[PDB]
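What follows is a single chain, given as structure tokens, in the form deposited in one PDB entry.
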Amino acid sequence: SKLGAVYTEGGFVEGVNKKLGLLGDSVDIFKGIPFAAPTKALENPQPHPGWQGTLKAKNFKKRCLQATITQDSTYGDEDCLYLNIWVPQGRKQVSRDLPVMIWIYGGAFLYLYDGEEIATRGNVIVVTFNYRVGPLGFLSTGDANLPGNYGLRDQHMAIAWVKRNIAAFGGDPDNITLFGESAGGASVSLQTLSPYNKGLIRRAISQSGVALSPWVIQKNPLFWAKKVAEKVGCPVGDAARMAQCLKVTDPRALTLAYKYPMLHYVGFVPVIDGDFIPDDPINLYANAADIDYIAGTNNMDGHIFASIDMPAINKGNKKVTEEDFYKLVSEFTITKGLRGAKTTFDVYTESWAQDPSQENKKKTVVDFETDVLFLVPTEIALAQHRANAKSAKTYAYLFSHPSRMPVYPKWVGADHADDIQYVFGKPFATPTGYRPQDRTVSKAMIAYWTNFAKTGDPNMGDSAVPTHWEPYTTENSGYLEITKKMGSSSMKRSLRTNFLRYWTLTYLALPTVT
């Protein structure tokens, strides 16, 4: 009931077996399988040469080279394109034809992921992997000298390896689900939209991030390539000459070269390149016509970022004023000028007449950031996916479970990335740090997620679920709200549709100013 040495395209791989319980269940764990060669700075990934004998996949390998926590140093290595696999095993035979879920992490467009709980509770295979981030993942001139999107190609290389090789581990290669959060959710979305993945992906889950979020596509890469070159001493007059100089700069200097609202400081991210991303992502959804799709957000997703743009929200000691909010709103709506700043300010502060409390005003700032960074882009992606669906199902969720006491006792919510610990079963892996109801939420999310992996239907699979999750259509606009106490009223509809319509209809029709 164990895997032993596993035959892959590159050679034999040996993992470890961890016995779970006393009746014969276990899990096979593989860490550090290479899926591409050691990377070259600002060059596309390459096949990894095969190896002789048996590769011992016992330890996580280094991550890709990236800036530390205080932007003063680096960690990781150029030899970083590795993946890890968790295979659950029963008492009788070794597993076969299991659904495969590939996690793409986020954190680099705006750390420890262990697949054991999802795999064993959901009877699926979980894959994690590294891709290149920052300047080394996304530096670009916008043309063929330095086309960008290296990190997206890394992700695609890992998915293609899984398609070629996972059957030997007991996986079904025709049933691959991608799932990921923040940048990883946006990357999941971008992978479903790229022609590169045709035939590779069965379904996908975007958590707090889609290709349409405004922090995903850099439309002025050449401006950012120049700021890096000028700091590392490269010339900036020619594209082909700056690019080559960047390609032979110390990769640590490229990484540390670079250290107004938070969104204006999104730099080294995917670009529309005419190749991996052939067009604006909004025009690509026919590529996902047959990829089942969950997308969702957290109901306080924007709170961390509103806190950076306006620290006054996190202390009843200080106040947020109409003038502070107008300034924030005005910088987001610049391309529509004074007129666009006012219509937006007016719509969001309409409730301030009846409720002028700092609780309501500070909540409005959070809602504004949640809407424009996460919720509205996600609602547009759901509609776009639904509109282009042939066989694909579409599902929407809102994650609202609090993990901690709020600033105001009515700010019941989940902040950005709060969803990860529940999806990954941390309340069961380290239960002393968690409450009973936390395990209730985690149990339900793993059930929905891995049912969806197995069948494309979050309600149908190996696990019972608390409430029926109705597929999204243009007519029902339904979403599942995920809380510690779920029942039939957890299926809701029309989330903040007045603000959806404001952004998609009213704001779009206003003239562009210069």
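A residue's number is simply how far along the shown sequence it sits, counting from 1. So that the term is clear: the rigid core is the largest set of C-alpha atoms that superpose within 1.5 Å between two forms.
Other entries modelling both neighbours but not residue 407, at least a third: Affirmative; at least a third of those entries omit residue 407.
Interresidue gap class [residue 110, residue 111; deposited sequence, unmodelled]: Gap between residue 110 and residue 111: 10 or more residues without coordinates.
Deposited residues lacking coordinates between residue 259 and residue 260 (none, 1 to 3, 4 to 9, 10 or more): Gap size class: 4 to 9 residues without coordinates, per the record.
Greater mean Cα temperature factor according to the PDB record, 18 to 26 or 5 to 13: Comparing 5 to 13 with 18 to 26, the higher mean C-alpha B-factor belongs to 18 to 26.
Per the entry, higher mean C-alpha B factor between 316 to 324 and 190 to 198: Taking the mean B-factor of the alpha carbons in each, 316 to 324 is higher.
Per the PDB entry, maximal CA B factor within 160, 423, 228, 398: Going by the entry's C-alpha B-factors, 228 comes out highest.
Residue selected from 413, 88, 180, 296 by maximal Cα B factor: Spelled out: the listed residue with the top C-alpha B-factor is 413.
Third of the chain, ranked by Cα B-factor, where residue 128 sits: Ranked within chain, residue 128 CA B lands in the lowest tercile.
Third assignment of residue 69 from its chain's C-alpha B-factors: For residue 69, whose C-alpha B-factor we compare with every modelled residue in the chain, the answer is the highest third.
Residue 101 - Cα temperature factor, lowest/middle/highest third of chain: CA B-factor rank for residue 101: lowest third.
Residue 460 CA temperature factor, ranked by third within the chain: For residue 460, whose C-alpha B-factor we compare with every modelled residue in the chain, the answer is the lowest third.
Ranked against its chain, the third holding the CA B-factor of residue 385: For residue 385, whose C-alpha B-factor we compare with every modelled residue in the chain, the answer is the lowest third.
Heads up, the form deposited in another entry isn't pictured, but that's what we're talking about next.
Identity of the moved residue from 241, 198, 252, 339, C-alpha shift 2 angstroms or more, core fit between the shown form and the other one: Once the cores are aligned, the residue moving by 2 Å or more is 339.
Yes/no, residue 432 Cα shift of 2 Å or more between the shown form and the other one with rigid core fixed: For residue 432, whose C-alpha is compared between the shown form and the other one after core superposition, the shift is less than 2 Å.
Core-aligned C-alpha movement of residue 79 between the shown form and the other one reaching 2 Å: It does not reach a 2 Å shift.
Yes/no, residue 357 Cα shift of 2 Å or more between the shown form and the other one with rigid core fixed: Yes, the C-alpha moves 2 Å or more.
Relative Cα spacing, residue 363 and residue 354, in the other entry - shift of 3 Å or more: Closer, not farther.
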